[PDB]
Amino acid sequence: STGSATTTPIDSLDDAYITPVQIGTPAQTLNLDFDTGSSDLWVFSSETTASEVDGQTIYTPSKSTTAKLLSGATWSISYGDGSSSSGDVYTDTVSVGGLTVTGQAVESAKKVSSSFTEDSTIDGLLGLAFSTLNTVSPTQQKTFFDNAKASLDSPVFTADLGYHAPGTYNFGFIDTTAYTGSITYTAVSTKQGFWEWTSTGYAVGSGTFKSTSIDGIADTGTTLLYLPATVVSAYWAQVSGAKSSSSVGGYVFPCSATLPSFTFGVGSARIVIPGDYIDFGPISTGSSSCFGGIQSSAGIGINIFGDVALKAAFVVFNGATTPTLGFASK
């Protein structure tokens, strides 16, 4: 089997991407944030505290003839941005782009933090990291991809995120028309539960490539590119007037600037992020200070190849017995 679904930016900045997902019988379609940095499929629901729902579409398990309470199971998750959610668990039929999994754990939110409530466009998350990170207790649950894997034509999914435009998540096949050149594959460590890999270096604009190993995660659920402070300083030093602002929370730059590109290495291959992809717009409405799309990871504990980097490539998440990642230009 295969599946193919379009993923759409939630706003004009590509702050996140939503993909329609069918849950239950008859189908209830919710727009979920596919997140290769986490491993829970959770949804706003009929159980979510009413004051914490503000425009989201909810899953109502009582209206699904295939829903079953997973008795005793609870979940609770906290994300790198400080947001969180928690609740109980049902199993139900879940389909993505024509690919159907029966018995998928659908984690129903009883509580969500303010950032989720305030984002009316995201009805929940669909985690695509390794199932060892799934938070369901006392019986840990498998991701959608893990459950689907055996049925897929090939044990892979691909992320083809658009810049200010829709893109595609495919399951079970590699669309050879969706990228240019060849795909370069690189090793993955699953020891932390992430799609963790080592970039071979970077360049700023037309500058020379610096060979240096940068361990990080491929994370579709993170908006920006978070890299070591040395790398990020080298980038922003090429932008007149750019500075790190503690009050804003990262690097800002004059909105009048033209940003240089940023290149990252994948083995001997190179992925070029155009400068425009690094512009996240005014820090507040009407400001002439703009927020940068490359930020320091120093306070995180891990480097994160988020959407800014991933949307410059066609990315293969290879879930074979030895997982690997593939990157191609497009």
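- Method of determination, as given in the entry header: X-ray crystallography; reported resolution: 1.16 Å.

- Going by the PDB entry, the protein carries the name Endothiapepsin and comes from Cryphonectria parasitica.
- UniProt lists a comment for the protein under the heading Sequence similarities, and it reads "Belongs to the peptidase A1 family."

## A few points about the overall build of the protein
Working step 1: In terms of regular secondary structure, the protein is built from four helices and 24 strands.
Working step 2: For the protein, the C-alpha radius of gyration of 20 Å lies close to 20 Å, the compact-globule estimate for 330 residues.
Working step 3: Dimensions of the protein, computed from C-alpha atoms along their principal axes, come out at roughly 60 × 45 × 30 Å.
Working step 4: Taking the contacts inside the protein whose residues are at least 6 apart along the sequence as the reference set, 66% of them involve residues at least 24 apart.

## Let's talk about the domain arrangement of the protein
Working step 1: Under the domain assignment used here, the protein contains domain 1 (5–174) and domain 2 (175–330).
Working step 2: Taken over C-alpha atoms, the centre of domain 1 sits 25 Å from the centre of domain 2.
Working step 3: Taken together, the 30 residues of domain 1 in the interface contact 33 residues of domain 2.
Working step 4: Counting residues per element, the ones that place at least two in the side of domain 1 that touches domain 2 are β3 (28–35), β9 (156–160) and β10 (167–171).

## What to know about unusual backbone geometry
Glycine aside, a negative phi is what most residues show, and trans is what most peptide bonds show.
Working step 1: Residue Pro 26 is reached from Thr 25 by a cis peptide bond, and omega for that bond is -10 degrees.
Working step 2: Note that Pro 26 resides in the loop between β2 (17–23) and β3.
Working step 3: The linkage connecting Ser 137 with the following residue, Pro 138, adopts the cis geometry, with an omega of 5 degrees.
Working step 4: One non-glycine residue, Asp 14, adopts positive backbone phi at about 60 degrees.
Working step 5: Among the secondary structure elements, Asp 14 is positioned in the loop between β1 (3–9) and β2.
Working step 6: Residue classification places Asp 14 among the buried residues on the basis of a relative accessible area of 1%.
Working step 7: A positive phi angle, near 55 degrees, is found at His 164, a position not held by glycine.

## Some remarks on the packing of aromatic side chains
Geometrically, a pair of aromatic rings is defined through the distance of the ring centres and the angle of the planes.
Working step 1: In this structure the tally under the stated criterion is 25 aromatic pairs.
Working step 2: Ring centres 5.8 Å apart and planes at 25 degrees place the aromatic pair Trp 42 and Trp 75 in the stacked group. Linking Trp 42 in strand β4 (residues 41–43) with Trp 75 in strand β5 (residues 68–78), this pair joins segments that are 33 residues apart in sequence. Each member of the pair, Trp 42 as well as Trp 75, is classed as buried.
Working step 3: Ring centres of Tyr 179 and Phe 314 lie 5.0 Å apart, and the angle between their planes is 35 degrees; this geometry places the pair in the tilted category. With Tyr 179 in the loop between β10 and β11 (184–187) and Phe 314 in strand β23 (residues 314–318), this residue pair connects regions lying 135 residues apart in the sequence.

## Here we look at the UniProt feature "disulfide bond" in the protein
Working step 1: In this model the annotated disulfide between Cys 255 and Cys 290 is intact, with an S-S distance of 2.1 Å against a 2.5 Å threshold. With a gap of 35 residues between them, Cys 255 in the loop between β16 (250–254) and β17 (262–266) and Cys 290 in strand β20 (residues 289–292) connect regions that are remote in the sequence.

Calculation criteria
- Residues numbered from 1 in each chain as written, not as in the entry; some residues may be left out.
- Heavy atoms only, no water.
- Residues with missing side-chain atoms left out of burial classes, pairs and counts.
- UniProt positions renumbered as here; feature names shortened; annotations may be inferred.
- Helix = DSSP H or I, 4+ residues; strand = E, 2+ residues; numbered from the N terminus.
- Rg over C-alpha atoms; globule rule 2.2 N^0.38 Å.
- Contact = heavy atoms within 4.5 Å.
- Domains from an automatic or database assignment.
- Buried < 20%, exposed > 50% of the residue type's maximum accessible area, 1.4 Å probe, protein only.
- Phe/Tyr/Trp six-rings, centres within 6.5 Å; stacked < 30°, edge-to-face > 60°.
- Disulfide = S-S within 2.5 Å.

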